[PDB]
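Chemist: Structure below; questions to follow.
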Number of protein chains: 2
Amino acid sequence: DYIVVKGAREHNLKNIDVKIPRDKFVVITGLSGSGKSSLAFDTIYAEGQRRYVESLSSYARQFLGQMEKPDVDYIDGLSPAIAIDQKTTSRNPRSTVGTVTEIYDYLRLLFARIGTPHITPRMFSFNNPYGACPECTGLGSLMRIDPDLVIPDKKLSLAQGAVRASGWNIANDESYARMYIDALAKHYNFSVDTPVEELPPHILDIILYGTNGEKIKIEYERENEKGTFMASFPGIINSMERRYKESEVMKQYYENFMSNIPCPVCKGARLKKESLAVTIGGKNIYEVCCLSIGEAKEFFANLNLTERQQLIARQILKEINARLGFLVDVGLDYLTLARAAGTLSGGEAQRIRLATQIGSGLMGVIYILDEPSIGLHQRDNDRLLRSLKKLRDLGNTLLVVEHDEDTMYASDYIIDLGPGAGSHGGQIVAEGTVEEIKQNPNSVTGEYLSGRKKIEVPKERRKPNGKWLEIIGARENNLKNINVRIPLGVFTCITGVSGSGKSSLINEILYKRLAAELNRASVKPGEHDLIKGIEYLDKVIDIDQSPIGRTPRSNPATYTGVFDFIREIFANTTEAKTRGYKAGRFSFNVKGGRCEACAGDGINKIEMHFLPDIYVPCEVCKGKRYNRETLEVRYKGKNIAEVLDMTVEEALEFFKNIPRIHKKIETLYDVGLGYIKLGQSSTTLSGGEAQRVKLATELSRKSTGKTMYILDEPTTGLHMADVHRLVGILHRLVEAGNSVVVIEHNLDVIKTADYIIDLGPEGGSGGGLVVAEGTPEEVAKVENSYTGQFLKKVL
Amino acid sequence: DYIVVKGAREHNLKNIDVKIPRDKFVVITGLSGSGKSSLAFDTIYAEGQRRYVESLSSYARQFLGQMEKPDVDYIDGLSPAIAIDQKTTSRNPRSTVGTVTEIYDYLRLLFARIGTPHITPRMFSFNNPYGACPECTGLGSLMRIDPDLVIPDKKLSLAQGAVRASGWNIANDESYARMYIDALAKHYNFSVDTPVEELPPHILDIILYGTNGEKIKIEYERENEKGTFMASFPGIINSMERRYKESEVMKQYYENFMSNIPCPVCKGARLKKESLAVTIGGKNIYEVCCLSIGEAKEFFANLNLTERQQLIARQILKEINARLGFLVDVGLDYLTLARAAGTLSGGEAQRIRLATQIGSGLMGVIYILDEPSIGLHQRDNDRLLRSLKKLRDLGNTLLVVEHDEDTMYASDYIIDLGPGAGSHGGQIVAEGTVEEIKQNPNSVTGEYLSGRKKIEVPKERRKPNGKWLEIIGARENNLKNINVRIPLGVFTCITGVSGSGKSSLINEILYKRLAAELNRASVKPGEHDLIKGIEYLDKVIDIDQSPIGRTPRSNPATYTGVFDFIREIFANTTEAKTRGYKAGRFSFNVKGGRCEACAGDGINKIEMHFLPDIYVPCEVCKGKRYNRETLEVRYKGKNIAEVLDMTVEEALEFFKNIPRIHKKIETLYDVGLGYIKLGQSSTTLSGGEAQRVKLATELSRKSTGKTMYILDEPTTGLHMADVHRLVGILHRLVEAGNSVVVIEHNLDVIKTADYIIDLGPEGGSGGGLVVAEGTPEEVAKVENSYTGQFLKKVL
DNA sequence: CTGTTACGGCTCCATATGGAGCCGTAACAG
DNA sequence: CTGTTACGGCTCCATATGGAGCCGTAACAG
Ligand SMILES: [Zn+2]
Ligand SMILES: [Zn+2]
Ligand SMILES: [Zn+2]
Ligand SMILES: [Zn+2]
C-alpha cells in the first residue's frame with residue numbers, strides 16, 4: 001500500500017529515496033527548478049504511462065510511440081496514471097464543452113425519452129449525418145477565406161504583390177504557381193501585369209475558384225528540362241481550403257485568413273430543422289444548451305412531470321443533476337453548454353477535465369496535477385479543495401503540485417524538495433505531517449508557514465503623475481460598454497472573479513492596440529471606440545511562458561547580451577593578438593572556430609536500420625563544440641569551454657573586475673537564476689527560466705521612462721520566496737521609471753500593489769463593469785467586493 | 001466494490017443486467033456465439049480503454065483514434081483494463097524475448113556492476129549505437145534479397161519475364177519501370193530482348209545496384225504528353241530495400257524475397273566485440289542469453305560471489321530470481337532469452353505477456369483473458385491456475401473467458417450466458433457459486449459438470465487399410481532426425497508437451513510438401529529427406545480461423561453453394577418466365593438486378609468536414625440491396641430479400657420439398673450454425689463461424705475417399721457441446737472415406753481418436769523424438785508418458 | 001564608449017496504378 | 001443431372017521548396 005521509489009537519478013536528483021502513502025492527499029512543494037516537477041512528471045507519470053502502454057495492443061503502442069524509460073532503479077506498487085495540466089486543446093470545431101463534459105449524450109437521451117414532438121437518440125446528435133444540418137454539415141459556422149483579405153488592394157496589379165498568402169506568391173518566376181497563372185492567362189487571353197481592377201470578372205472567378213472541371217495543357221520549363229502536360233486548375237481558394245482541411249502554427253495562420261460567421265440556415269444550432277421542433281418545458285435542445293450552468297441546473301431542478309415520466313427517466317435525471325452539481329462545485333458556473341472547446345484558457349480547461357474525471361468515477365488511478373489553484377480567484381479555493389477531497393474519498397490518490405499556503409493545511413502528507421535549486425537542490429529535505437514541517441527549521445516552506453519570514457506591507461505608496469490612459473467604448477466579448485482609466489508610472493494590478501473579462505479586456509484590446517499603434521503590428525484589435533493618451537508610451541513588451549528559442553543555436557549567455565563582451569575580452573588577450581585572430585572566431589555559430597565535423601552542435605546523427613535516429617555526443621571534439629585550435633587560447637587560466645560551462649555564481653565571482661559584464665551578471669543573479677549554466681540550450685528551458693531570462697534582459701537595458709509592460713499570471717508555478725523576489729524586481733522596475741500592468745490573483749502580489757482595478761461582480765454575462773478602483777485601502781473599505789473583503793481581512 | 005452494468009444492448013444482448021464482484025476470480029462461460037465474447041470485449045474492455053484514453057493527452061488520443069462508445073446505459077466502478085489474447089506480433093527484429101520480458105535491462109545492470117573485464121550499462125545495450133555491432137547495426141542477421149530469386153533463370157531474356165517481383169515487371173510497355181530500363185539500356189548500348197546470360201556484368205550490376213550516384217536523362221512518353229527529365233537510377237535491389245524499410249501481408253511478401261543469415265562479424269550477438277569480452281562465472285552475456293530458462297535459473301542460483309558483491313547487487317539478484325521463477329511457473333521453461341519475438345505462437349505470446357504482467361506488479365487493473373488454457377498441455381494447467389491465483393491475490397480482478405472444466409472449480413463467480421446462440425441466446429441464465437450452477441438444471445454447463453450428459457467412449461475402433469504415409473529424415477527446427485508413420489483412412493490425433501515440435505513438424509513439413517506435390521504451391525518446404533506414400537492422396541485442405549472473405553460482397557449463402565440453386569428456382573417461377581428474366585438477375589453483384597444507387601451494397605458514403613466518412617443505410621432502396629422492380633417477383637409468398645433475411649432453421653423448414661437444396665441446408669444446420677442468417681456479411685464472421693462454414697462446405701462436396709484434412713487446435717473457443725458436435729462431425733467425415741489429422745490438447749478429443757502419436761518427452765531441444773504411438777490403450781499402458789498417464793486416468 | 005537600426009546568413013518546420021482474392025458464366029466430361 | 005475447369009469482371013490494399021525566428025556584423029547617432 002506504499003509507492004516506494006529507490007534510486008531516482010533524473011535531471012538534478014541526487015539518488016533520492018522516497019516513500020509516498022497511497023489513497024491519501026499528498027502534495028509536493030519546492031522552489032522553482034528544485035526538481036519537484038521533474039521528480040513527479042518525468043518519473044512517476046512517465047513510468048505509469050509506459051507500463052500501461054507496454055501491456056496494450058501493438059498497434060496502439062506504435063501509434064503512441066516509444067515512451068522514454070526514466071532513469072530509475074525500480075518502482076513498486078504503481079497504478080496507471082493520468083496527468084492533468086494547463087494545455088489548451090484547440091482540436092476541432094466539433095468538440096464543445098457539452099461533449100467534453102459528457103452531458104450532451106444524457107441530454108439527447110432525455111430529449112428522446114420525454115421530449116414531446118411539436119424521436120430517436122441518434123437523431124439529436126450533430127456528430128452523425130442522420131440529424132446534422134445539411135448546409136453547415138454540423139459545424140454551425142460557415143467559415144470561408146475572405147476574398148478581400150487575400151487581395152487587399154484590387155487596383156494594384158498581380159505582379160505588384162496582390163496575393164498576400166504563403167505558397168501562392170507570384171513574385172518568383174521559378175515558382176510553379178507563377179507558371180500556372182501565366183498559362184491560365186494565356187488561355188484566357190489576359191496579361192498578368194494587368195491590374196486586378198481592370199481584370200474581367202470571369203478571369204478573376206476562374207483564378208479564385210478553379211476551372212470548374214475544365215482541363216488545359218500547360219508546358220513546364222526547368223533548368224535543363226522541358227515538356228508539356230495536361231491537367232486542371234483547382235483554384236486558389238479551393239487549394240487553400242484543401243490545405244486547411246489536411247499542426248498548430250499553420251492552422252492558426254490559415255484560420256487568420258478565414259472569417260467565422262453563423263450559419264444562415266440553422267442559426268448555428270448544428271442540428272436539422274425538424275430536430276429543433278422537439279421541446280420540453282417550452283425550450284428546445286439549443287435553448288437549454290445556450291443557458292449557463294446555474295440557470296440550466298435551476299431549470300432542470302424545477303421541471304414538472306408526471307409520475308410515469310419520472311419513473312421512466314429517474315436515472316437520467318439523477319445523473320444529469322449529479323454532473324451539473326459537480327460542474328458548479330468545481331468552480332465553473334458561467335460557462336455555456338454550447339461554447340466551443342477551442343476558446344478556453346488553461347485553468348478553465350484543467351477545471352473542466354477535473355470535473356469530467358470526478359463525474360466519471362474511475363477507481364485505482366494515480367492523479368497528477370500541475371498547480372490547480374492558479375488562474376482562479378481565492379473565493380473558489382474552498383470549493384476546489386472540497387472537490388479534490390471528494391475525488392480522493394472515492395478511493396483514488398492525489399499528487400498535487402501546489403504552492404498555495406491554504407492547500408498545505410488540507411493535505412495529509414507533504415514532501416519538500418530543496419534546499420536551493422539546480423545543482424544545489426535536488427534532495428529531499430523534510431517530509432511528514434504539516435505540523436512537523438511547520439516545526440522543522442531546515443525548510444524554507446516551514447519558516448514561511450510559521451510566520452518567521454513574510455512579505456511586509458509597504459508604508460509609502462507612489463502617486464500618478466497626471467498622465468492617465470483612457471479606454472472608451474470597450475465592448476469586446478462580454479464587456480458591457482464600460483470605460484476604465486489606468487494610471488502611468490505606477491505598479492498596476494487588475495483582479496476579479498474568474499472569467500470576468502479582465503483577461504480579454506487586457507490581451508485582446510490593450511496589448512493589441514498598443515502593438516498596432518507603436519510597434520507596427522498587423523493584428524486586428526478588439527471592439528473599442530478610441531484610446532486616449534497613446535502619446536505617453538514608446539515601447540510595449542509582453543512576457544509569457546513561451547520558450548525564448550526554438551533552435552539549439554541559442555543560450556541565455558547570448559540572449560542576455562554578455563556573449564559579445566566575452567568574445568571581445570577573449571580576442572583582446574595577448575595570445576589572440578599574437579595569433580592575429582578575430583572576435584568572431586570564439587563563437588559556435590560561424591565557420592572558423594566551431595568544430596567542423598559536428599558543425600558546432602556537439603551531436604552527430606547515427607541512423608539505425610529499424611530505429612529512429614539517435615544523437616550521441618561528438619567524438620571528434622569531445623562535444624565541446626569547438627576545435628582544438630581555438631582551445632589553445634586561454635585567458636586567466638580558463639578557456640572558452642570552461643567559461644561556457646561555468647555557473648552564474650562562479651561567473652559573478654570571477655568577473656568582478658569588469659564592470660561592463662558585472663552589470664549584466666548582477667542582474668542575472670538577482671532575477672533569480674542562481675543555478676543555470678550559460679551554455680545551457682534554450683530548448684530545455686522551462687517557463688520559469690524563460691520568464692526570468694526575459695525579465696533580466698528587460699532590466700539590463702537602460703530605461704528612458706516611457707515603457708509599459710503587460711504580463712499575465714506571473715506567479716504560475718512559483719514558490720513563496722520566488723514571489724517575494726519577483727515583487728521586489730517589479731518594484732525596482734517601477735522605480736526605474738516604467739509602468740507595469742499584471743493580472744495576478746495571488747493576494748501577496750495584490751496587497752503590495754499601488755493601484756487596484758476590480759472587474760465583476762460576477763462571472764460570465766452577469767458581470768463586466770468596474771466595481772471599485774483606487775488605492776488598496778479604498779478597495780478594502782468597499783463592502784460589495786470579494787477582493788476588497790479579502791484585502792481587508794489580510795491587512 | 002461492485003461492477004454494475006445496467007442496460008447492455010451490444011450485438012445480441014437482450015438488455016441484460018449483471019453485477020460482477022471486484023477483486024475476485026470471475027469467469028464467464030457460454031456457447032460459441034452466445035454473446036459472452038461480445039459482452040466482455042465490446043462492452044467492458046472497450047469502455048475502460050475509451051475512459052482512460054479520453055483523460056489522456058490530446059495528441060495521444062488522436063494517435064489512438066476515436067474508440068467507438070458501446071451501446072450501454074451506464075457503467076460504474078470501472079478501472080482501466082488491458083486485454084490479453086492470442087494475437088501474433090511480428091513487429092521488428094529488434095524486439096526479442098529478453099526485452100519483452102524486461103529481463104535484459106537487469107542482466108545489463110548485473111553485468112555492469114559485477115562483470116569483471118577480460119563497464120557501463122549503456123554499453124551492453126544493442127538498442128543504442130554506443131555498444132552495437134558496427135556491421136549488422138545490432139540486428140545480428142544480415143538480411144538481403146537473394147539476387148538469384150528475382151531472376152531464377154538467367155538464360156531467359158528480360159522480355160520473357162526474367163523479373164519475378166511485383167512493381168518491377170517489364171511486360172507492360174506503359175510502365176515507368178520499362179521506360180527506365182529502356183533508357184538505361186540505350187545509355188549503356190544494350191538491348192532489352194538480349195538474354196541476361198549474354199548481358200555484360202557491368203550492365204547487370206548497374207541494373208541491380210543503381211548507377212552509384214550517376215545522373216542520366218530519361219524521356220517520358222504519355223498518351224498526349226511528352227518531355228525530358230534528368231534523374232538518377234536507384235536500382236532494383238535498393239528500391240526493394242527502401243520499400244521494405246518503409247502492414248503485414250506486404251512485409252511477409254518482401255521477407256519471402258530476402259533470406260536471413262547470421263552476421264559474419266559478431267555471429268549474431270548484436271553487440272560489439274569489445275562488449276563480449278566482459279564475463280561473469282566464465283560466461284558472457286550472449287552465452288547466458290542463449291541458454292534455456294531453467295538452465296539460466298540454475299546457473300544464477302548456483303553463482304558464487306563474495307559478501308561485498310552480494311551486498312552491492314542484492315536487489316538485482318532478487319528481481320532476476322523472481323522474474324525467472326515467474327517465467328518458469330507460468331508454463332514456459334524451454335524458451336531461449338535470445339529468440340526473436342516474431343517466431344512465436346499465440347499461446348506462447350499470451351503466456352509471455354501474462355508473465356511480464358505478473359512480474360511488473362500493477363495494482364487496480366481489470367484483466368481480460370481470452371481462453372488462456374488453449375495451446376497448453378494438461379500437465380501445466382495446475383501451474384497456470386497457480387499463476388492466475390497469484391496474479392489475483394495481489395489486489396487485481398480477473399475476467400477469464402475459459403471453457404475448461406478444471407478451471408471452473410478454481411473460480412469464485414461464474415456468469416453463464418445462453419440458453420442457445422445468436423437470437424436464441426444473449427441472456428443471462430444462471431450465476432453464482434460452483435455448487436449453485438452445478439445444481440441448476442437450467443444451464444447446459446451445470447448439467448455437463450454434474451455428469452448428466454457426457455461424451456461416451458467408442459467401443460469399436462477402425463483399423464488402417466495398409467496404405468501408410470512415411471516421413472524420412474525430418475530435421476526441421478528442433479527435430480532430432482526421427483521417422484514417423486501416419487496411417488490413412490483413420491482418425492489421427494497428435495499430442496505432446498507444449499513446444500515439443502509437433503506444430504512445426506505438421507505445418508512446416510507435411511502441409512507444405514503435400515501442397516507442393518499435389519496442388520502445385522510455390523512454397524519452400526522444411527528439411528526432409530523423402531516422403532513415401534504420396535500416391536495415395538489426391539486433395540489436401542487446411543482449416544484455420546482466418547476469415548473466408550475480405551469484402552462485403554460475400555456471404556455464407558453464396559459460399560456454401562446454395563445461392564445458385566436459389567437463383568435458379570427464383571428464375572424458374574411463372575412470373576420470372578412471363579417477364580423473360582434470367583437466373584443472373586436475382587443477384588447483388590451484377591448489373592441489372594441490384595440497386596443502381598448504392599451499387600448493391602446497401603450503404604452510402606457520407607463525408608463530413610472534420611470527421612472520418614460514416615456509412616449510412618441507403619434510403620433509395622431501403623437497404624434491401626435490390627431495386628423495387630426485382631422485388632415485384634414473389635415465390636411462395638416470399639421475395640428474395642425475405643429469403644436472404646431468413647435464418648437457417650426457417651430455411652430448413654421451408655425448403656423441405658427441394659432435395660437438392662435440403663442436402664446442403666441439412667449439412668449447414670448439423671455443422672452447428674443454427675443461428676446465423678444467410679445474408680450476413682462475411683467480414684463480421686468470427687473464427688468459429690468461419691470454421692463451421694468451411695467444415696460445412698467441405699462436407700457438402702462429395703468425397704471420393706482420397707482426401708486428407710489438416711487442422712490445428714480446432715477446439716479454440718468452443719464449448720463442451722460444441723466439442724461433442726465437432727467430434728461427431730469428424731467421425732462422420734472419417735466414415736465418409738477420408739482421413740483427418742488434427743492437433744488437439746483436449747482430453748475429450750484424444751480419448752475418442754482411433755490413433756495417437758506422441759512427441760516429447762520434454763519441450764525445446766530436450767525433446768524431439770517419438771515416445772509412443774498406436775492405439776489409445778497401448779499409449780495408456782506406457783508409463784513414461786504424460787499423455788498416456790492422463791489417458792489411463794480418464795479411462 | 002553605448003545604444004539603435006538595417007542587412008546577410010543560418011536552421012527548423014510546413015505542405016495514381018498494380019497485385020491478390022472472390023463471384024459469376026460458359027464449356028466439357030461422366 | 002452433377003462435378004470440374006477455364007476465363008472475364010469486380011473490389012480492396014499497398015507504395016522537394018518556401019516561410020518564420022534568431023545570431024552575427026556593419027553603419028549611424030549621441
Ligand atoms: Zn447550419
Ligand atoms: Zn565535434
Ligand atoms: Zn554483427
Ligand atoms: Zn440502394
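Ordering of the C-alpha cells sets the chain letters (A, B, ...); residue numbers start at 1 within each chain; ligands are numbered from 1 in the order shown.
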List as a tab-separated table every residue of chain B that is in contact with ligand 3, defined as an atom at most 10 Å from one of its atoms (using only C-alpha atoms and all ligand atoms), together with the nearest atom pair and the distance in Å rounded to one decimal, sorted by chain and then rising number.

Modeler:
residue	atom	partner	partner_atom_place_in_ligand_line	distance
B:132	CA	ligand 3	1 (Zn)	8.1
B:133	CA	ligand 3	1 (Zn)	4.8
B:134	CA	ligand 3	1 (Zn)	6.6
B:135	CA	ligand 3	1 (Zn)	5.0
B:136	CA	ligand 3	1 (Zn)	4.2
B:137	CA	ligand 3	1 (Zn)	6.7
B:138	CA	ligand 3	1 (Zn)	6.4
B:139	CA	ligand 3	1 (Zn)	7.2
B:140	CA	ligand 3	1 (Zn)	5.0
B:141	CA	ligand 3	1 (Zn)	7.2
B:142	CA	ligand 3	1 (Zn)	8.0
B:262	CA	ligand 3	1 (Zn)	8.1
B:263	CA	ligand 3	1 (Zn)	4.8
B:264	CA	ligand 3	1 (Zn)	6.5
B:265	CA	ligand 3	1 (Zn)	4.9
B:266	CA	ligand 3	1 (Zn)	4.1
B:267	CA	ligand 3	1 (Zn)	6.3
B:268	CA	ligand 3	1 (Zn)	5.7
B:269	CA	ligand 3	1 (Zn)	6.6
B:270	CA	ligand 3	1 (Zn)	5.6
B:271	CA	ligand 3	1 (Zn)	6.9
B:272	CA	ligand 3	1 (Zn)	7.4
B:273	CA	ligand 3	1 (Zn)	8.8

Chemist: Taking only C-alpha atoms (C1' of nucleotides) and all ligand atoms into account, list the residues no farther than 10 Å from ligand 4, as a ChimeraX atom specification.

Modeler: /B:594-604,617-628

Chemist: Select, as a list in words, those residues of chain D with any atom no more than 10 Å from chain A (distances computed using only C-alpha atoms (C1' of nucleotides)).

Modeler: residues 17, 18, 19, 21, 22, 23, 24 and 25 of chain D

Chemist: Using atom CA of residue A:517 and atom CA of residue A:534 as the two end points, give the distance in Å to one decimal.

Modeler: 8.1 Å

Chemist: For chain B, work out the contacting residues on chain A at 6 Å, counting only C-alpha atoms, and write them as a PDB file with N, CA and C atoms, in the first residue's frame.

Modeler:
ATOM      1  N   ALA A  60      -1.588   0.091 -31.008  1.00  0.00           N
ATOM      2  CA  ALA A  60      -1.758   1.241 -30.127  1.00  0.00           C
ATOM      3  C   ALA A  60      -0.415   1.740 -29.608  1.00  0.00           C
ATOM      4  N   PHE A  63       1.277   3.585 -32.386  1.00  0.00           N
ATOM      5  CA  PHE A  63       0.650   4.889 -32.578  1.00  0.00           C
ATOM      6  C   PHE A  63       1.091   5.876 -31.505  1.00  0.00           C
ATOM      7  N   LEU A  64       1.188   5.420 -30.256  1.00  0.00           N
ATOM      8  CA  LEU A  64       1.621   6.283 -29.165  1.00  0.00           C
ATOM      9  C   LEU A  64       3.131   6.468 -29.113  1.00  0.00           C
ATOM     10  N   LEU A  78       2.766   0.609  -8.456  1.00  0.00           N
ATOM     11  CA  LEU A  78       2.377   1.697  -9.341  1.00  0.00           C
ATOM     12  C   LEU A  78       1.104   1.329 -10.087  1.00  0.00           C
ATOM     13  N   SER A  79       0.143   2.238 -10.083  1.00  0.00           N
ATOM     14  CA  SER A  79      -1.103   2.130 -10.820  1.00  0.00           C
ATOM     15  C   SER A  79      -1.056   3.013 -12.058  1.00  0.00           C
ATOM     16  N   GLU A 225      15.353  20.927 -68.342  1.00  0.00           N
ATOM     17  CA  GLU A 225      14.292  20.010 -68.728  1.00  0.00           C
ATOM     18  C   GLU A 225      13.124  20.795 -69.303  1.00  0.00           C
ATOM     19  N   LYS A 226      12.335  20.126 -70.140  1.00  0.00           N
ATOM     20  CA  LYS A 226      11.194  20.765 -70.779  1.00  0.00           C
ATOM     21  C   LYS A 226      10.173  19.699 -71.145  1.00  0.00           C
ATOM     22  N   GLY A 227       8.966  20.152 -71.444  1.00  0.00           N
ATOM     23  CA  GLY A 227       7.902  19.253 -71.839  1.00  0.00           C
ATOM     24  C   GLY A 227       6.550  19.916 -71.690  1.00  0.00           C
ATOM     25  N   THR A 228       5.520  19.136 -72.007  1.00  0.00           N
ATOM     26  CA  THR A 228       4.140  19.589 -71.936  1.00  0.00           C
ATOM     27  C   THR A 228       3.304  18.565 -71.183  1.00  0.00           C
ATOM     28  N   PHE A 229       2.287  19.057 -70.480  1.00  0.00           N
ATOM     29  CA  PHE A 229       1.395  18.194 -69.718  1.00  0.00           C
ATOM     30  C   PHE A 229       0.022  18.842 -69.658  1.00  0.00           C
ATOM     31  N   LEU A 362     -13.566   7.020 -11.916  1.00  0.00           N
ATOM     32  CA  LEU A 362     -12.596   5.943 -12.047  1.00  0.00           C
ATOM     33  C   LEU A 362     -11.988   5.608 -10.691  1.00  0.00           C
ATOM     34  N   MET A 363     -11.617   4.342 -10.521  1.00  0.00           N
ATOM     35  CA  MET A 363     -11.077   3.843  -9.265  1.00  0.00           C
ATOM     36  C   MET A 363      -9.668   3.306  -9.475  1.00  0.00           C
ATOM     37  N   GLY A 364      -8.817   3.500  -8.472  1.00  0.00           N
ATOM     38  CA  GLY A 364      -7.457   2.983  -8.522  1.00  0.00           C
ATOM     39  C   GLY A 364      -6.593   3.597  -9.601  1.00  0.00           C
TER      40      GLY A 364
END

Chemist: Quick one: everything within 8 Å of residue B:215, counting only C-alpha atoms (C1' of nucleotides), minus sequence neighbours fewer than 2 positions away in the same chain. Send it as a PDB file with N, CA, C and O atoms, in the first residue's frame.

Modeler:
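That gives us result_0.pdb:
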ATOM      1  N   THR B 211      23.111   3.288 -60.281  1.00  0.00           N
ATOM      2  CA  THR B 211      24.173   3.923 -61.048  1.00  0.00           C
ATOM      3  C   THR B 211      25.288   4.476 -60.170  1.00  0.00           C
ATOM      4  O   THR B 211      26.172   5.173 -60.680  1.00  0.00           O
ATOM      5  N   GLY B 213      25.245   6.854 -57.999  1.00  0.00           N
ATOM      6  CA  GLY B 213      25.202   8.300 -57.992  1.00  0.00           C
ATOM      7  C   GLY B 213      25.231   8.962 -59.352  1.00  0.00           C
ATOM      8  O   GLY B 213      25.102  10.191 -59.424  1.00  0.00           O
ATOM      9  N   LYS B 217      19.657  11.334 -68.334  1.00  0.00           N
ATOM     10  CA  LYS B 217      18.406  11.924 -68.793  1.00  0.00           C
ATOM     11  C   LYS B 217      17.508  10.839 -69.371  1.00  0.00           C
ATOM     12  O   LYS B 217      17.939  10.061 -70.229  1.00  0.00           O
ATOM     13  N   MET B 230      15.881  14.753 -66.103  1.00  0.00           N
ATOM     14  CA  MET B 230      17.144  14.189 -65.650  1.00  0.00           C
ATOM     15  C   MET B 230      17.012  13.729 -64.205  1.00  0.00           C
ATOM     16  O   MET B 230      16.501  14.464 -63.354  1.00  0.00           O
ATOM     17  N   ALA B 231      17.476  12.514 -63.934  1.00  0.00           N
ATOM     18  CA  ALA B 231      17.406  11.935 -62.598  1.00  0.00           C
ATOM     19  C   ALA B 231      18.500  10.880 -62.476  1.00  0.00           C
ATOM     20  O   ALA B 231      19.390  10.784 -63.328  1.00  0.00           O
ATOM     21  N   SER B 232      18.437  10.087 -61.408  1.00  0.00           N
ATOM     22  CA  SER B 232      19.395   9.020 -61.160  1.00  0.00           C
ATOM     23  C   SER B 232      18.652   7.726 -60.863  1.00  0.00           C
ATOM     24  O   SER B 232      17.671   7.721 -60.114  1.00  0.00           O
ATOM     25  N   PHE B 233      19.125   6.633 -61.450  1.00  0.00           N
ATOM     26  CA  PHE B 233      18.503   5.332 -61.240  1.00  0.00           C
ATOM     27  C   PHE B 233      18.941   4.761 -59.897  1.00  0.00           C
ATOM     28  O   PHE B 233      20.145   4.598 -59.670  1.00  0.00           O
TER      29      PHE B 233
END

Chemist: Mind checking which residues fall within 9 Å of residue A:585, counting only C-alpha atoms (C1' of nucleotides), ignoring those fewer than 4 positions away in the same chain, and posting them as a ChimeraX atom specification?

Modeler: /A:567,571,581,590-594,630

Chemist: With DSSP run on the backbone, what are the helix (DSSP H, G or I) residues within stretch 556-786 of chain A? I'd like them as an NGL selection string.

Modeler: :A and (556-560 or 562-571 or 574-579 or 628-631 or 640-644 or 648-654 or 659-670 or 687-700 or 720-736 or 747-752 or 764-766 or 776-781 or 786)

Chemist: Near residue A:535, counting only C-alpha atoms (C1' of nucleotides), which residues have an atom at most 10 Å away, once you skip same-chain residues fewer than 2 positions from it, shown as a ChimeraX atom specification?

Modeler: /A:467,469,517-518,532-533,537-538,706

Chemist: Please write the residues from the selection above to a file, keeping N, CA, C and O atoms, as an mmCIF file, in the first residue's frame.

Modeler:
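Output contents, as saved in part_13.cif:
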data_model
loop_
_atom_site.group_PDB
_atom_site.id
_atom_site.type_symbol
_atom_site.label_atom_id
_atom_site.label_comp_id
_atom_site.auth_asym_id
_atom_site.auth_seq_id
_atom_site.Cartn_x
_atom_site.Cartn_y
_atom_site.Cartn_z
ATOM 1 N N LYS A 467 -0.546 61.727 -16.108
ATOM 2 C CA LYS A 467 -0.736 61.182 -17.451
ATOM 3 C C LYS A 467 -1.462 59.850 -17.312
ATOM 4 O O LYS A 467 -0.863 58.838 -16.943
ATOM 5 N N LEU A 469 -3.951 56.858 -18.957
ATOM 6 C CA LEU A 469 -4.519 56.211 -20.131
ATOM 7 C C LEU A 469 -6.025 56.065 -19.967
ATOM 8 O O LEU A 469 -6.522 55.792 -18.870
ATOM 9 N N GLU A 517 -0.361 50.477 -32.735
ATOM 10 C CA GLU A 517 -0.099 51.909 -32.783
ATOM 11 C C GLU A 517 1.365 52.272 -32.569
ATOM 12 O O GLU A 517 1.769 53.379 -32.940
ATOM 13 N N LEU A 518 2.170 51.384 -31.986
ATOM 14 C CA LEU A 518 3.558 51.714 -31.690
ATOM 15 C C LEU A 518 4.551 50.850 -32.449
ATOM 16 O O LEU A 518 5.439 51.384 -33.123
ATOM 17 N N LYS A 532 -7.251 57.190 -25.378
ATOM 18 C CA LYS A 532 -6.665 58.496 -25.112
ATOM 19 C C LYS A 532 -5.366 58.341 -24.333
ATOM 20 O O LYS A 532 -5.262 57.493 -23.442
ATOM 21 N N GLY A 533 -4.381 59.167 -24.672
ATOM 22 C CA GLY A 533 -3.097 59.131 -24.000
ATOM 23 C C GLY A 533 -2.059 58.230 -24.626
ATOM 24 O O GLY A 533 -1.073 57.895 -23.961
ATOM 25 N N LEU A 537 3.484 56.774 -24.379
ATOM 26 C CA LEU A 537 4.175 55.494 -24.364
ATOM 27 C C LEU A 537 5.043 55.362 -25.606
ATOM 28 O O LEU A 537 4.724 55.903 -26.668
ATOM 29 N N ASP A 538 6.144 54.637 -25.463
ATOM 30 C CA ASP A 538 7.091 54.464 -26.558
ATOM 31 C C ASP A 538 7.346 53.006 -26.909
ATOM 32 O O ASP A 538 7.478 52.681 -28.091
ATOM 33 N N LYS A 706 9.656 55.662 -20.541
ATOM 34 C CA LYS A 706 8.474 55.691 -21.396
ATOM 35 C C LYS A 706 8.165 54.299 -21.927
ATOM 36 O O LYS A 706 7.908 54.113 -23.120
#

Chemist: Apply DSSP to the backbone of this structure and, from stretch 614-759 of chain B, keep only the residues in strand (DSSP E); write these as JSON, numbers by chain.

Modeler: {"B": [614, 615, 616, 617, 707, 708, 709, 710, 739, 740, 741, 742, 755, 756, 757, 758, 759]}

Chemist: Give me the residues near residue C:30 as JSON, numbers by chain, where near means some atom within 12 Å (using only C-alpha atoms (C1' of nucleotides)) and where sequence neighbours in that chain fewer than 5 positions away do not count.

Modeler: {"D": [1, 2, 3, 4]}

Chemist: Take the residues from that selection and write them out as a PDB file, in the first residue's frame, keeping C-alpha atoms (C1' of nucleotides).

Modeler:
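Output contents, as saved in again-v7.pdb:
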ATOM      1  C1'  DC D   1     -28.478 -34.053 -63.628  1.00  0.00           C
ATOM      2  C1'  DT D   2     -23.662 -33.116 -61.264  1.00  0.00           C
ATOM      3  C1'  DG D   3     -18.965 -32.223 -60.734  1.00  0.00           C
ATOM      4  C1'  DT D   4     -14.681 -29.975 -62.661  1.00  0.00           C
TER       5       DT D   4
END
